[PDB]
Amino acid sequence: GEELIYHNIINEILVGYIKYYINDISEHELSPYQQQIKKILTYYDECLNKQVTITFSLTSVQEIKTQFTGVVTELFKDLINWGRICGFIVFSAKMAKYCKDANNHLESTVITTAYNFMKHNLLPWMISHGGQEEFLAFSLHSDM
């Protein structure tokens, strides 16, 4: 029922991009939806890299939960908007690539951790503001 609606939304918006950024899957394996939003997500990643070089040090499940939760709760305590969801997505992807590249086997814990936070703390806002259709429109409007 609705447990599966939440799954497909999060996977299209969040998981697909992380798995591409991690090289768990190729660009060709991304849906047309995922290929579109990847552009605005890629540009956010570039814009972020020009500001800061994030150095991660995570050796356990708990460190991931605590650190990830601390960052993203401050990101949205103020408010929620699509631009910040872009940052949420990209942040999740960078922590996950650190894990896979460190070979610590924790990347699935980052994805899952971000999946759960988006599900409970962001999805109500996302859906009540047009959900998938509006994020795609947001990403196409940014193409200007």
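One-based numbering along the sequence shown.
### Message
Please compare 84-92 with 54-62 and say which has the higher mean C-alpha temperature factor in the record.
### Response
Per the PDB record, 54-62.
### Message
Comparing average C-alpha B factors as deposited, tell me which of 112-120 and 22-30 sits higher.
### Response
Stretch with the higher mean C-alpha B-factor: 22-30.
### Query
With respect to C-alpha B-factor, does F76 fall in the lowest, middle or highest third of the chain as deposited?
According to the entry, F76 has a C-alpha B-factor in the chain's lowest third.
### Message
Which third, lowest, middle or highest, does the C-alpha temperature factor of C99 belong to within its own chain?
### Response
For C99, whose C-alpha B-factor we compare with every modelled residue in the chain, the answer is the lowest third.
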